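Enquirer: If you scroll down you'll find the structure; I have some questions about it.
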Amino acid sequence: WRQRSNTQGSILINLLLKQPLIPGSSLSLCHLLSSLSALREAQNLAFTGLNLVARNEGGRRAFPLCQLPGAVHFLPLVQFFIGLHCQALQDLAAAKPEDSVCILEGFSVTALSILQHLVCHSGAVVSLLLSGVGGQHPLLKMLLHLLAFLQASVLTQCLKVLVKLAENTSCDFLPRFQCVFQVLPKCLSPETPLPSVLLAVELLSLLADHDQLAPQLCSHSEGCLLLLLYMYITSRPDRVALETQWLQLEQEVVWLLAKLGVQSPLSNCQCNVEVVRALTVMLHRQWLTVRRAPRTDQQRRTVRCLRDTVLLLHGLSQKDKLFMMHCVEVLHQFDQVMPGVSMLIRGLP
Amino acid sequence: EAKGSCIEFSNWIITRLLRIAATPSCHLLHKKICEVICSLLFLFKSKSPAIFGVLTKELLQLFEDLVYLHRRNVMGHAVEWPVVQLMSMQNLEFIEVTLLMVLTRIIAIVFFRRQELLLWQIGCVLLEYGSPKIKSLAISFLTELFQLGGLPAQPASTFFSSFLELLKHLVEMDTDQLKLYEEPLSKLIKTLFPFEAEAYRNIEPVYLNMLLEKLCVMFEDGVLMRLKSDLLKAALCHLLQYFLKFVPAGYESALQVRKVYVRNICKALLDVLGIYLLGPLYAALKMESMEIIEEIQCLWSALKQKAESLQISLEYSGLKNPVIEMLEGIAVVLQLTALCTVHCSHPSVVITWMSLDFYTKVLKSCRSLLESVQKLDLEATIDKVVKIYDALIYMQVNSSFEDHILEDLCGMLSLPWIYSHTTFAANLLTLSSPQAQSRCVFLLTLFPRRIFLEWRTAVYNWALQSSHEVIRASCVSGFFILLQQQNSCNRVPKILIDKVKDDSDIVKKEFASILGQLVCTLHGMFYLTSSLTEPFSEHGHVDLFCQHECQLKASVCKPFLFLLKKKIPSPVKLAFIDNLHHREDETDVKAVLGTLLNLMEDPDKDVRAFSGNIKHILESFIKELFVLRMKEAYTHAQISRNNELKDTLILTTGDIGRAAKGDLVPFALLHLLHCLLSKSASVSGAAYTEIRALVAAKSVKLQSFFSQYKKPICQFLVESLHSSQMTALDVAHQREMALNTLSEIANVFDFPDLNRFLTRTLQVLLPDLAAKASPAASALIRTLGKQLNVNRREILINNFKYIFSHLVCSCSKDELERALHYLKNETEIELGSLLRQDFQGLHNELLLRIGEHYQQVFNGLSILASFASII
């Protein structure tokens with residue numbers, strides 16, 4: 001930590017300085033960065049805070065994270081910038097030009113996402129979010145309302161920011177954060193982008209660590225939030241996702257399933273019905289791998305994912321005494337899956 | 001619990017284990033213990049996913065304790081005397097490294113989400129704490145974790161800092177430390193950089209800025225100029241190729257301003273150069289030249305000046321030029337050929353390639369230098385000079401600088417060879433490896449006709465005279481390349497291929513290249529250049545620089561087609577399938593069918609090589625006979641009763657159905673459907689995947705496509721069902737099982753309800769079942785009516801008018817009348833007057849058969865008059 005931590009804070013400031021660190025933006029900070037006069041004063045304070053962040057640096061801590069008061073001050077200034085983005089979202093909420101204001105809000109959201117990366121970089125900025133209005137930060141709560149309301153990519157960035165925040169957040173703090181996702185899962189749609197859904201799946205893995213999300217369960221089927229999300233995963237339309245990116249979203253779901261499998265706690269559940277459909281989707285991916293019959297890094301990743309999928313399928317058979325009842329729905333896939341399993345055994349080396 | 005009590009017994013063993021963890025022989029035991037611990041973790045995973053998770057949490061607690069120990073080491077301040085009796089941080093680190101190796105495999109197994117980037121960050125901190133080999137072992141585990149995790153967001157700057165620390169280590173690395181350092185972990189970092197943009201475009205510009213700092217380290221630093229381990233030097237060259245050559249993104253980066261700095265870094269990168277990794281750098285320089293190319297179009301002279309300095313060392317003495325420097329001057333000659341006019345081609349050619357004649361004067365000096373060199377001198381260095389001569393031939397590319405210079409090059413190529421294959425002539429040869437001979441053969445092959453065309457024929461005779469190892473592969477390439485006109489003409493290669501049909505594996509690969517010229521590529525040769533657009537062949541030595549663009553009989557292929565065999569190692573058709581892989585053949589079609597039958601047999605199931613090539617062949621009767629041979633092979637696979645053999649046949653069948661528009665391939669799919677009906681697994685699940693692949697080729701309309709797909713083929717499928725009906729063998733339950741198989745076929749049809757799809761199929765099926773007129777089929781039809789639980793015999797009377805149309809559609813004559821009598825026994829009183837009442841559309845269906853019905857439709861009209869009471 002110490003000077004190296006300060007350098008890491010400076011590197012986050014350097015990323016904010018870089019135009020733009022956020023994807024799809026020509027410039028970050030500066031003209032993109034900039035009452036409006038109070039916001040300008042906050043931006044000057046954030047620059048001072050960035051200079052301060054350069055000058056100065058358990059499970060919730062995770063990897064030790066440098067904390068800068070200036071970064072927290074920059075985060076408050078970022079919250080004012082976020083508030084202007086939130087105000088455009090609030091104006092949209094009031095509504096029953098504006099898109100340009102939304103684009104300005106989106107640039108602010110991109111800055112907030114860069115700030116979120118900086119918040120991942122700096123503990124103090126994360127701590128200010130952790131304290132919240134009194135909990136969720138008031139700007140963050142407005143951002144959560146904005147996330148419910150490009151904009152989908154910004155929402156995905158917010159979900160990624162929430163997942164980064166959740167790793168920073170204490171599990172009890174994460175539980176207080178948890179159930180925001182259940183409203184978010186309702187916001188999440190097959191129509192909504194798969195890359196955004198993959199970010200949501202990463203958020204779901206952070207949620208799985210949170211106790212309140214852990215209290216939420218696959219059981220209760222469609223009424224249960226987890227089962228409904230699994231059912232969307234089971235459909236796996238992945239229209240936005242292409243090639244490896246579609247596989248990566250499936251791999252992220254497999255990692256989330258693995259995290260559920262690691263947890264001691266983890267039809268009647270839509271997700272259990274979804275898991276047989278998901279296994280069939282994995283079997284279709286396995287059949288493509290069987291058709292491929294790992295020199296490509298993505299192919300090597302797919303082979304590892306297929307090995308993970310096979311372990312998940314073995315876990316699913318262990319999970320359900322009626323493996324066959326799940327199998328009967330997927331039985332045409334299951335005969336292919338058994339051929340795929342032999343191919344996977346051939347693949348294993 | 002009870003499991004915890006077993007864990008407690010393990011813990012008593014664990015106190016004994018800690019003594020085991022540090023010992024002279026302990027590290028080998030610890031690796032076995034780590035494998036046992038991984039097995040125990042697998043056993044915990046086997047006992048429960050949760051039990052693995054509880055074990056993972058204990059492992060995470062152990063990792064956290066290691067991280068706390070690492071944090072104390074990073075602090076470098078207080079050290080606990082005991083970290084459990086007596087604890088030694090180096091002894092603990094060795095135990096931790098063994099735990100980490102089990103952990104890295106476990107971490108990949110754990111696939112933890114949101115609890116691993118911190119562990120990766122802890123590993124990076126542990127790597128910073130780690131010194132030399134202990135750090136390298138940590139780095140290798142971290143690299144494996146990184147490959148699974150890509151780049152952690154949490155590692156963030158610290159991961160970039162760890163790369164920067166590696167760059168600092170690169171700037172000041174002991175050779176022993178470099179041996180301790182792992183090339184593979186460095187390779188994984190090189191792997192992490194994308195060859196193009198990809199992940200590197202995804203990778204942060206700030207990480208790229210750290211890479212620019214890394215670029216300042218090593219060769220810009222001159223640490224690369226300082227002696228380095230060759231694998232480490234190669235890794236550094238690979239890293240420059242991975243990122244600096246890729247130049248991914250960099251809009252945030254200085255880019256052209258950075259490129260001028262990069263050019264300064266490149267001058268630092270050249271370092272000693274000639275006075276390999278330099279070749280990789282030359283490839284990066286060629287990429288920089290490629291970057292200069294097009295951008296220059298609406299530097300090279302400096303590179304020429306650097307080349308001139310290498311030439312100046314050669315000019316002062318043959319000895320004065322380093323052999324590596326002579327190789328370096330030769331290196332990028334092909335890139336220079338690619339640069340300027342070849343780059344302009346892919347125009348103005350304002351950029352000028354370095355003159356061949358100035359190079360030729362250096363080459364003449366090099367030939368004098370080779371004469372100057374002592375027998376201890378040259379030798380392998382002379383082989384490098386011969387490679388430099390080969391590079392000069394690559395530089396000559398399409399045109400030799402002079403025919404006399406080409407003759408001088410041929411004399412230089414002859415050097416070791418005497419006769420066969422130049423004012424000095426034999427005397428130069430008198431004054432003068434199989435691979436070197438192969439390179440000389442390649443160079444002789446590269447020259448075509450022109451000066452010493454007879455000598456090139458003599459060189460082909462020399463290639464015939466010696467065919468050993470690489471030279472034999474070169475000799476096969478040389479005979480094909482000896483005359484462009486000979487290449488245009490079609491003749492048996494004979495030579496080694498005549499001596500052995502395989503001619504050995506190296507010749508067979510050369511034969512495969514000759515095969516590439518043969519078949520779909522035109523036998524006539526235009527350009528006749530295999531050079532194409534070669535880039536950099538991985539770590540492989542560049543070696544050789546190298547109707548279509550204008551219908552070939554298998555009989556015209558003759559022996560080469562015969563030479564490929566299941567007995568021949570093959571594995572795979574590879575180049576030999578060539579363009580054909582990408583007619584009135586008659587006996588040649590029969591020869592092609594025999595080659596296809598060998599492909600259908602597949603010496604290797606994996607090499608069935610046949611796939612895609614078969615689709616091109618399908619794009620290209622005898623094929624039906626080959627399909628019948630394939631069906632016989634499928635029968636042979638059933639006789640083999642080997643699942644892998646059956647799978648290879650099923651895969652071939654699936655490929656064939658997608659490959660061919662024609663009905664016989666659909667009939668093969670129906671045979672595949674019969675295979676789908678068969679039990680023992682694979683079968684329908686394999687078939688459904690095959691059907692989906694055929695459906696994707698089909699661009700099928702589903703049930704509307706299925707009706708076109710089925711019809712008579714559905715009747716053939718019904719006939720297979722009739723064969724099952726013929727020997728249902730569980731009484732009603734066996735009939736129900738046959739109905740379930742029919743239901744599975746309805747599920748395969750997948751139209752609306754499977755039963756609803758079946759009901760539409762059943763009216764067609766009932767006429768087909770009537771046409772078969774099996775007593776067992778009639779019992780099955782009654783069972784089917786019971787399974788339908790529908791009109792049944794009343795439905796059968798409605799079916800009978802359709803069945804009468806089916807009877808009109810296919811006529812067995814007197815046998816049909818006997819079948820009609822069998823139908824009449826099922827009919828009992830039968831339609832009678834009602835048949836006279838009906839006819840109409842059923843008669844119209846007989847009318848619809850028309851000319852195919854022919855006399856039978858007229859006979860049906862006479863039969864209709866008989867039914868009523870038309871010859």
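Residue names in the structure tokens use chain letters A, B, ... in the order shown, residue numbers from 1 in each chain, and ligand numbers from 1 in the order shown.
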Any idea what's packed within 10 Å of segment 287-300 of chain A, counting only C-alpha atoms, ignoring anything in its chain fewer than 2 positions away? Could you give it as number ranges by chain?

Expert: A: 243-245, 247-248, 280-285, 302-306, 333, 336-344, 346-347; B: 147, 191-192, 606, 651, 686, 689-690

Enquirer: I need the residues from that last selection saved to file as a PDB file, in the first residue's frame (with C-alpha atoms), if you can.

Expert:
ATOM      1  CA  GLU A 243     -20.217 -16.696 -30.500  1.00  0.00           C
ATOM      2  CA  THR A 244     -17.827 -16.750 -27.502  1.00  0.00           C
ATOM      3  CA  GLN A 245     -19.688 -13.850 -25.874  1.00  0.00           C
ATOM      4  CA  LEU A 247     -20.664 -18.880 -24.423  1.00  0.00           C
ATOM      5  CA  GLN A 248     -19.124 -16.435 -21.887  1.00  0.00           C
ATOM      6  CA  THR A 280     -30.086 -29.272 -22.600  1.00  0.00           C
ATOM      7  CA  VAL A 281     -28.789 -25.843 -23.745  1.00  0.00           C
ATOM      8  CA  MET A 282     -25.372 -26.867 -22.314  1.00  0.00           C
ATOM      9  CA  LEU A 283     -25.833 -30.202 -24.167  1.00  0.00           C
ATOM     10  CA  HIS A 284     -26.524 -28.230 -27.392  1.00  0.00           C
ATOM     11  CA  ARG A 285     -23.301 -26.288 -26.694  1.00  0.00           C
ATOM     12  CA  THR A 302     -15.143 -23.744 -24.166  1.00  0.00           C
ATOM     13  CA  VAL A 303     -13.566 -27.126 -23.334  1.00  0.00           C
ATOM     14  CA  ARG A 304     -13.019 -25.972 -19.711  1.00  0.00           C
ATOM     15  CA  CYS A 305     -16.612 -24.618 -19.720  1.00  0.00           C
ATOM     16  CA  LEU A 306     -17.813 -27.982 -21.118  1.00  0.00           C
ATOM     17  CA  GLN A 333     -30.733 -34.006 -25.688  1.00  0.00           C
ATOM     18  CA  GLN A 336     -26.760 -36.470 -27.435  1.00  0.00           C
ATOM     19  CA  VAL A 337     -25.404 -35.360 -23.997  1.00  0.00           C
ATOM     20  CA  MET A 338     -24.222 -38.949 -23.317  1.00  0.00           C
ATOM     21  CA  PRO A 339     -22.432 -38.878 -26.714  1.00  0.00           C
ATOM     22  CA  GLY A 340     -21.127 -35.440 -25.718  1.00  0.00           C
ATOM     23  CA  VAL A 341     -20.052 -36.834 -22.310  1.00  0.00           C
ATOM     24  CA  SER A 342     -18.078 -39.556 -24.152  1.00  0.00           C
ATOM     25  CA  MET A 343     -16.598 -36.772 -26.344  1.00  0.00           C
ATOM     26  CA  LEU A 344     -15.872 -34.813 -23.120  1.00  0.00           C
ATOM     27  CA  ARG A 346     -12.212 -38.145 -24.956  1.00  0.00           C
ATOM     28  CA  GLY A 347     -11.578 -34.385 -24.580  1.00  0.00           C
TER      29      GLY A 347
ATOM     30  CA  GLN B 147      -6.027 -17.702 -17.820  1.00  0.00           C
ATOM     31  CA  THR B 191      -0.887 -15.202 -24.711  1.00  0.00           C
ATOM     32  CA  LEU B 192      -2.890 -12.713 -22.642  1.00  0.00           C
ATOM     33  CA  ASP B 606     -11.729 -38.712 -36.255  1.00  0.00           C
ATOM     34  CA  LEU B 651     -21.555 -38.679 -38.415  1.00  0.00           C
ATOM     35  CA  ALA B 686     -27.186 -38.682 -32.587  1.00  0.00           C
ATOM     36  CA  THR B 689     -28.388 -33.729 -34.042  1.00  0.00           C
ATOM     37  CA  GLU B 690     -27.626 -35.070 -37.538  1.00  0.00           C
TER      38      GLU B 690
END

Enquirer: Compute the chain B side of the contact with chain A at 8 Å, counting only C-alpha atoms, and hand it back as a VMD selection string.

Expert: chain B and resid 49 to 54 56 109 to 114 117 to 119 121 to 122 148 154 to 158 204 to 206 252 606 681 to 682 684 to 686 688 to 689

Enquirer: Provide the atom CA of residue 214 of chain A to atom CA of residue 138 of chain A distance in Å, to one decimal place.

Expert: 24.7 Å

Enquirer: Find the residue from A:24, A:135, A:190, A:175 that sits nearest to residue 107 of chain A; use only C-alpha atoms when measuring.

Expert: A:24

Enquirer: Restricting the calculation to only C-alpha atoms: of A:172, A:238, A:91, A:222, which residue gets closest to residue 196 of chain A?

Expert: A:238

Enquirer: Between A:134, A:232, A:106, A:322, which has the minimum distance to residue 150 of chain A (counting only C-alpha atoms)?

Expert: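 Of the candidates, the smallest distance to residue 150 of chain A is held by A:106.
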
Enquirer: With only C-alpha atoms as the counted atoms, please give the residues lying no more than 12 Å from residue 26 of chain B, apart from itself and same-chain residues fewer than 6 positions off, as a ChimeraX atom specification.

Expert: /B:17-20,32-34,91,94-95,98

Enquirer: Keeping N, CA and C atoms, export the residues of the selection given above as a PDB file, in the first residue's frame.

Expert:
ATOM      1  N   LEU B  17       1.543 -34.169   9.166  1.00  0.00           N
ATOM      2  CA  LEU B  17       1.711 -33.699   7.767  1.00  0.00           C
ATOM      3  C   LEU B  17       2.632 -32.472   7.739  1.00  0.00           C
ATOM      4  N   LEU B  18       2.524 -31.576   8.720  1.00  0.00           N
ATOM      5  CA  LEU B  18       3.331 -30.329   8.689  1.00  0.00           C
ATOM      6  C   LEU B  18       4.818 -30.715   8.720  1.00  0.00           C
ATOM      7  N   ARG B  19       5.184 -31.723   9.519  1.00  0.00           N
ATOM      8  CA  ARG B  19       6.590 -32.207   9.517  1.00  0.00           C
ATOM      9  C   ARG B  19       6.886 -32.742   8.111  1.00  0.00           C
ATOM     10  N   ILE B  20       5.916 -33.430   7.508  1.00  0.00           N
ATOM     11  CA  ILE B  20       6.065 -33.968   6.120  1.00  0.00           C
ATOM     12  C   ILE B  20       6.247 -32.799   5.140  1.00  0.00           C
ATOM     13  N   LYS B  32       2.903 -35.088  -4.089  1.00  0.00           N
ATOM     14  CA  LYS B  32       1.989 -36.253  -3.974  1.00  0.00           C
ATOM     15  C   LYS B  32       0.883 -35.911  -2.966  1.00  0.00           C
ATOM     16  N   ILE B  33       1.255 -35.267  -1.857  1.00  0.00           N
ATOM     17  CA  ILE B  33       0.259 -34.879  -0.814  1.00  0.00           C
ATOM     18  C   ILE B  33      -0.726 -33.875  -1.428  1.00  0.00           C
ATOM     19  N   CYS B  34      -0.218 -32.936  -2.228  1.00  0.00           N
ATOM     20  CA  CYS B  34      -1.093 -31.924  -2.869  1.00  0.00           C
ATOM     21  C   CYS B  34      -2.063 -32.642  -3.811  1.00  0.00           C
ATOM     22  N   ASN B  91      10.450 -22.273   4.673  1.00  0.00           N
ATOM     23  CA  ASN B  91       9.828 -23.621   4.784  1.00  0.00           C
ATOM     24  C   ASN B  91       8.317 -23.478   4.593  1.00  0.00           C
ATOM     25  N   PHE B  94       7.502 -22.929   0.898  1.00  0.00           N
ATOM     26  CA  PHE B  94       7.550 -24.189   0.112  1.00  0.00           C
ATOM     27  C   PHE B  94       6.279 -24.990   0.366  1.00  0.00           C
ATOM     28  N   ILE B  95       5.853 -25.053   1.632  1.00  0.00           N
ATOM     29  CA  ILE B  95       4.580 -25.760   1.960  1.00  0.00           C
ATOM     30  C   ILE B  95       3.428 -25.011   1.276  1.00  0.00           C
ATOM     31  N   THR B  98       3.305 -25.788  -2.420  1.00  0.00           N
ATOM     32  CA  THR B  98       2.670 -27.100  -2.652  1.00  0.00           C
ATOM     33  C   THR B  98       1.176 -26.961  -2.476  1.00  0.00           C
TER      34      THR B  98
END

Enquirer: Looking only at alpha helix (DSSP H) from DSSP on the backbone, list the matching residues of segment 158-207 of chain B as a ChimeraX atom specification.

Expert: /B:158-171,175-180,183-192,198-202,205-207

Enquirer: Those same residues, written as a compact mmCIF listing (two decimals), in the first residue's frame with N, CA, C and O atoms?

Expert:
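Listing of out-v1.txt after writing:
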# COMPACT_ATOMS: atom_id res chain seq x y z
N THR B 158 -2.82 -3.19 -9.60
CA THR B 158 -1.83 -4.09 -8.99
C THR B 158 -1.46 -5.16 -9.99
O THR B 158 -0.26 -5.51 -10.04
N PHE B 159 -2.42 -5.69 -10.75
CA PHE B 159 -2.04 -6.66 -11.80
C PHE B 159 -1.14 -5.98 -12.83
O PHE B 159 -0.13 -6.59 -13.25
N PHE B 160 -1.47 -4.75 -13.21
CA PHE B 160 -0.61 -3.99 -14.16
C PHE B 160 0.74 -3.76 -13.48
O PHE B 160 1.78 -3.86 -14.15
N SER B 161 0.71 -3.44 -12.18
CA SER B 161 1.95 -3.21 -11.41
C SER B 161 2.77 -4.50 -11.38
O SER B 161 4.01 -4.42 -11.47
N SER B 162 2.10 -5.65 -11.23
CA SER B 162 2.83 -6.94 -11.24
C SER B 162 3.48 -7.13 -12.61
O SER B 162 4.63 -7.59 -12.66
N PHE B 163 2.77 -6.77 -13.69
CA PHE B 163 3.38 -6.83 -15.04
C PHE B 163 4.55 -5.86 -15.09
O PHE B 163 5.60 -6.19 -15.66
N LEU B 164 4.36 -4.67 -14.50
CA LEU B 164 5.45 -3.67 -14.45
C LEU B 164 6.61 -4.24 -13.62
O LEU B 164 7.77 -4.03 -14.00
N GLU B 165 6.28 -4.93 -12.52
CA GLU B 165 7.33 -5.56 -11.68
C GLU B 165 8.05 -6.62 -12.52
O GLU B 165 9.29 -6.72 -12.42
N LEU B 166 7.30 -7.36 -13.33
CA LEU B 166 7.92 -8.36 -14.23
C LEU B 166 8.83 -7.61 -15.22
O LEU B 166 9.93 -8.11 -15.50
N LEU B 167 8.37 -6.46 -15.73
CA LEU B 167 9.21 -5.65 -16.65
C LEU B 167 10.46 -5.17 -15.90
O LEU B 167 11.56 -5.19 -16.50
N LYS B 168 10.31 -4.76 -14.64
CA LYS B 168 11.48 -4.35 -13.82
C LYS B 168 12.39 -5.57 -13.64
O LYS B 168 13.63 -5.42 -13.73
N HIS B 169 11.79 -6.74 -13.39
CA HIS B 169 12.59 -7.99 -13.25
C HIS B 169 13.29 -8.24 -14.59
O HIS B 169 14.48 -8.60 -14.59
N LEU B 170 12.58 -8.01 -15.69
CA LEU B 170 13.17 -8.23 -17.04
C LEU B 170 14.36 -7.28 -17.20
O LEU B 170 15.39 -7.71 -17.75
N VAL B 171 14.21 -6.05 -16.71
CA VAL B 171 15.30 -5.03 -16.86
C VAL B 171 16.54 -5.55 -16.11
O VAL B 171 17.66 -5.38 -16.64
N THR B 175 20.67 -14.60 -15.03
CA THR B 175 20.42 -15.75 -15.93
C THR B 175 19.90 -16.90 -15.09
O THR B 175 18.97 -17.59 -15.55
N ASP B 176 20.48 -17.11 -13.90
CA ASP B 176 19.94 -18.15 -12.99
C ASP B 176 18.52 -17.77 -12.60
O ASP B 176 17.65 -18.66 -12.56
N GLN B 177 18.28 -16.48 -12.33
CA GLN B 177 16.91 -16.01 -12.01
C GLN B 177 16.02 -16.24 -13.24
O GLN B 177 14.85 -16.62 -13.05
N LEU B 178 16.55 -15.99 -14.43
CA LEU B 178 15.77 -16.22 -15.68
C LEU B 178 15.46 -17.72 -15.79
O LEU B 178 14.33 -18.06 -16.19
N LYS B 179 16.42 -18.58 -15.45
CA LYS B 179 16.14 -20.04 -15.45
C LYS B 179 15.06 -20.33 -14.40
O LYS B 179 14.15 -21.12 -14.69
N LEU B 180 15.16 -19.68 -13.24
CA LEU B 180 14.12 -19.84 -12.19
C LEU B 180 12.80 -19.30 -12.74
O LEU B 180 11.76 -19.95 -12.51
N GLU B 183 9.23 -19.42 -18.48
CA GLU B 183 8.91 -18.89 -19.83
C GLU B 183 7.40 -19.05 -20.03
O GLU B 183 6.79 -18.16 -20.63
N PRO B 184 6.79 -20.16 -19.57
CA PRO B 184 5.37 -20.37 -19.80
C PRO B 184 4.53 -19.30 -19.13
O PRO B 184 3.53 -18.87 -19.74
N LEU B 185 4.89 -18.89 -17.91
CA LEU B 185 4.14 -17.78 -17.28
C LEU B 185 4.32 -16.52 -18.14
O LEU B 185 3.33 -15.80 -18.36
N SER B 186 5.55 -16.29 -18.63
CA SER B 186 5.78 -15.15 -19.55
C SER B 186 4.98 -15.39 -20.83
O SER B 186 4.39 -14.42 -21.36
N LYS B 187 4.95 -16.63 -21.31
CA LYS B 187 4.19 -16.98 -22.54
C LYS B 187 2.71 -16.72 -22.27
O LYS B 187 2.02 -16.25 -23.19
N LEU B 188 2.24 -17.05 -21.07
CA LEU B 188 0.82 -16.82 -20.72
C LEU B 188 0.55 -15.31 -20.79
O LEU B 188 -0.53 -14.93 -21.27
N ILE B 189 1.49 -14.49 -20.30
CA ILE B 189 1.32 -13.01 -20.43
C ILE B 189 1.32 -12.65 -21.92
O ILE B 189 0.48 -11.81 -22.33
N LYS B 190 2.20 -13.26 -22.71
CA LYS B 190 2.22 -13.02 -24.17
C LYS B 190 0.88 -13.51 -24.75
O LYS B 190 0.31 -12.81 -25.60
N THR B 191 0.41 -14.66 -24.26
CA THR B 191 -0.89 -15.20 -24.71
C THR B 191 -1.96 -14.22 -24.32
O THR B 191 -2.90 -14.02 -25.12
N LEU B 192 -1.83 -13.63 -23.13
CA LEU B 192 -2.89 -12.71 -22.64
C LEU B 192 -2.98 -11.54 -23.63
O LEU B 192 -4.11 -11.13 -23.95
N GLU B 198 -8.90 -7.76 -30.12
CA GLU B 198 -9.50 -8.80 -29.24
C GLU B 198 -9.47 -8.34 -27.77
O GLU B 198 -9.94 -7.22 -27.47
N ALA B 199 -8.93 -9.20 -26.91
CA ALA B 199 -8.81 -8.90 -25.46
C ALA B 199 -7.91 -7.68 -25.27
O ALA B 199 -8.15 -6.92 -24.32
N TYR B 200 -6.86 -7.55 -26.07
CA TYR B 200 -5.92 -6.41 -25.90
C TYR B 200 -6.72 -5.13 -26.13
O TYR B 200 -6.50 -4.15 -25.38
N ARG B 201 -7.62 -5.12 -27.11
CA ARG B 201 -8.50 -3.93 -27.28
C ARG B 201 -9.34 -3.81 -26.00
O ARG B 201 -9.52 -2.67 -25.52
N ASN B 202 -9.82 -4.93 -25.47
CA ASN B 202 -10.58 -4.94 -24.19
C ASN B 202 -9.66 -4.45 -23.07
O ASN B 202 -10.15 -3.73 -22.17
N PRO B 205 -6.26 1.00 -21.55
CA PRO B 205 -5.23 1.83 -22.15
C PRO B 205 -4.18 2.08 -21.08
O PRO B 205 -2.99 2.19 -21.42
N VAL B 206 -4.61 2.26 -19.84
CA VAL B 206 -3.64 2.44 -18.72
C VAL B 206 -2.79 1.16 -18.62
O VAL B 206 -1.57 1.27 -18.40
N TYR B 207 -3.41 -0.01 -18.79
CA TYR B 207 -2.62 -1.27 -18.82
C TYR B 207 -1.70 -1.18 -20.03
O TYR B 207 -0.53 -1.61 -19.94

Enquirer: So, with only C-alpha atoms as the atoms that count, which of A:39, A:52, A:102, A:111 lies closest to residue 151 of chain A?

Expert: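 Closest to residue 151 of chain A, using only C-alpha atoms: A:102.
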
Enquirer: Give the answer as one residue: which of B:758, B:574, B:803, B:691 has the shortest atom-to-atom distance to residue 772 of chain B, using only C-alpha atoms?

Expert: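 Nearest candidate to residue 772 of chain B out of B:758, B:574, B:803, B:691: B:803.
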
Enquirer: Do a neighbour search on segment 481-497 of chain B at 6 Å with only C-alpha atoms, toss out local chain neighbours closer than 4 positions, and write the hits as a PyMOL selection string.

Expert: chain B and resi 445+448-449+501+503+523-525

Enquirer: Those residues you just picked out, can you put them in a file as a PDB file, in the first residue's frame with N, CA and C atoms?

Expert:
ATOM      1  N   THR B 445      14.160 -26.054 -57.158  1.00  0.00           N
ATOM      2  CA  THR B 445      12.727 -26.082 -57.519  1.00  0.00           C
ATOM      3  C   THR B 445      12.256 -24.666 -57.736  1.00  0.00           C
ATOM      4  N   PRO B 448      12.683 -21.706 -62.206  1.00  0.00           N
ATOM      5  CA  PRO B 448      12.000 -22.529 -63.195  1.00  0.00           C
ATOM      6  C   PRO B 448      12.485 -22.262 -64.606  1.00  0.00           C
ATOM      7  N   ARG B 449      12.916 -23.305 -65.324  1.00  0.00           N
ATOM      8  CA  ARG B 449      13.272 -23.136 -66.757  1.00  0.00           C
ATOM      9  C   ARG B 449      14.308 -22.012 -66.891  1.00  0.00           C
ATOM     10  N   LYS B 501       4.247 -46.267 -53.204  1.00  0.00           N
ATOM     11  CA  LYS B 501       3.063 -45.436 -53.538  1.00  0.00           C
ATOM     12  C   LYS B 501       2.972 -44.323 -52.487  1.00  0.00           C
ATOM     13  N   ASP B 503       5.594 -43.344 -50.786  1.00  0.00           N
ATOM     14  CA  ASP B 503       6.874 -42.622 -51.059  1.00  0.00           C
ATOM     15  C   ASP B 503       7.444 -42.146 -49.718  1.00  0.00           C
ATOM     16  N   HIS B 523      -4.961 -28.596 -63.723  1.00  0.00           N
ATOM     17  CA  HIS B 523      -3.686 -29.304 -64.023  1.00  0.00           C
ATOM     18  C   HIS B 523      -2.768 -28.304 -64.726  1.00  0.00           C
ATOM     19  N   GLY B 524      -3.329 -27.498 -65.634  1.00  0.00           N
ATOM     20  CA  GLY B 524      -2.528 -26.445 -66.283  1.00  0.00           C
ATOM     21  C   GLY B 524      -2.096 -25.453 -65.225  1.00  0.00           C
ATOM     22  N   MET B 525      -0.871 -24.932 -65.315  1.00  0.00           N
ATOM     23  CA  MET B 525      -0.382 -24.069 -64.211  1.00  0.00           C
ATOM     24  C   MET B 525      -0.262 -22.612 -64.670  1.00  0.00           C
TER      25      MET B 525
END
